[PDB]
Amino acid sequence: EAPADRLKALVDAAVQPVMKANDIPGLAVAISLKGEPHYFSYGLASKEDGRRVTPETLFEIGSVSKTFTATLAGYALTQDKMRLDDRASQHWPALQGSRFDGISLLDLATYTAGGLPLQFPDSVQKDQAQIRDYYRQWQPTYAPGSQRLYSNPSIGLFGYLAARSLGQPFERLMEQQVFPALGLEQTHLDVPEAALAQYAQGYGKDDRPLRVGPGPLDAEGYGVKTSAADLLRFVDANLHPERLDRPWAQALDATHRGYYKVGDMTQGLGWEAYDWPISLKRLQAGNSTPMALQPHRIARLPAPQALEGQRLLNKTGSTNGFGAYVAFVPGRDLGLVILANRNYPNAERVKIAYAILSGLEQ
C-alpha cells in the first residue's frame, strides 16, 4: 500500500497548506502518472449547500480555455482552411481595410498583434456588431510581431477567425466536434441544466458567490467549465496525440510548436513552455502578474520548435470566482490539473504543482 499511501501523502502535503493559506473552499487535483489517472478531492464545491468536490465537479477554468481554442485552430490549420501567415482580414470581410490587413493569425494567437489589451474594454458588450466595430477601429501601439502583450481580444479573434475558416460558429464547433473528438462528456461552454448540480460555486471577496457571466468572445478566451477528470483526459490527449484519429492528432500537435521566447518561456498556440527542470521561482516568474500585464520584446525563433521532451507545458486561467492551472511534461508522460473555486494567486498554484512534480521525482 506504500505507493498509494505515498502519493496521497505527497498531494495532501502540497495542497492542504495552500488551500488553508488562500482560504480555498474546494479544490480538485488530477494526476496522470505511468499511464493511470489519480484523483484527489478537497473541501466544498458549495459552502452553502455542502456539496463536496469530486473528480466530476465542474469548475470554471478561465484562460485554460485557450488551449481548447488552440486545438480548434490546429484543426483548421492542418485541414488547410487557414494558415498561420494569413492576414486576419482574409477571414472576416468586416476587417478588410482595417489594421488587420497587416496582422497575421500567428500574431493574434501569440499576443503579438501590437498591443491588443488584456481584456475587451468594459464598453464592448457580447454583441457581434460591437466586436466588429472594436476591431475595425483598433490601432497597434507598436509593430505587429515585435512585442508580446497577453490578451483575450487577441487570441479570442484568432479562435473566432478559425471558426469562420471552418464555416461554423465557434461554440457549435466546440460542442459538436472538438469535445466529442477528445472524448470529453463533462466539458461545456454552456453547462446543461441537467448538469448544474455538478457546477461548483465560485467565491470572491467576503465570499460573495461568483460564476462567470457573458462577455465578448468569452467562449474563445475563457468559456470552458470542466471537471478535473475531463481536464486530465485532455492532458492525456496532449501527452499522446497519436491515440486519437489522425486529423485530431495533428490538431493537438499544432499546439506543441513554439514560435518565440520571452525570458524562460517559449510561446505555443495556447500552451506556454519551459525547460525542465527549472527552479520554482523561474516558473512562478513566467506565470506572474508583470509577465501577463506588461509588453515584452520577443526573441523570434528561426523555425517553429517542437514543444516536447524535457519541457514543462502549462497554462493558468482565472475567472472572478475560480483559479485553474494545468501542467504536463511530454517526455515523462506526466500531467496534472489543479482546479479551485477561488481566484488565488498564480504563484500559489504553481507552488502546489511544483511540490507534486518534485515529490514524484524524489
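Each residue number is its position in the shown sequence, starting from 1.
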item	value
Which of 180-188 and 128-136 has higher mean CA B factor, as the PDB entry lists it	128-136
Selected stretch [higher average CA B-factor]: 62-70 or 28-36	28-36
Highest recorded Cα temperature factor - choice among 149, 143, 109, 232	143
Identity of residue with top Cα B-factor, from 311, 332, 300, 315	300
Chain-wide C-alpha B factor ranking for residue 243, given as lowest, middle or highest third	highest
Relative C-alpha B-factor of residue 349, binned into the chain's lowest, middle or highest third	lowest
Position of residue 92 among the chain's modelled residues by C-alpha B-factor, lowest, middle or highest third	highest
Among modelled residues of the same chain, the CA temperature factor third for residue 78	highest
Within-chain third of residue 228 by Cα B-factor, per the entry	lowest
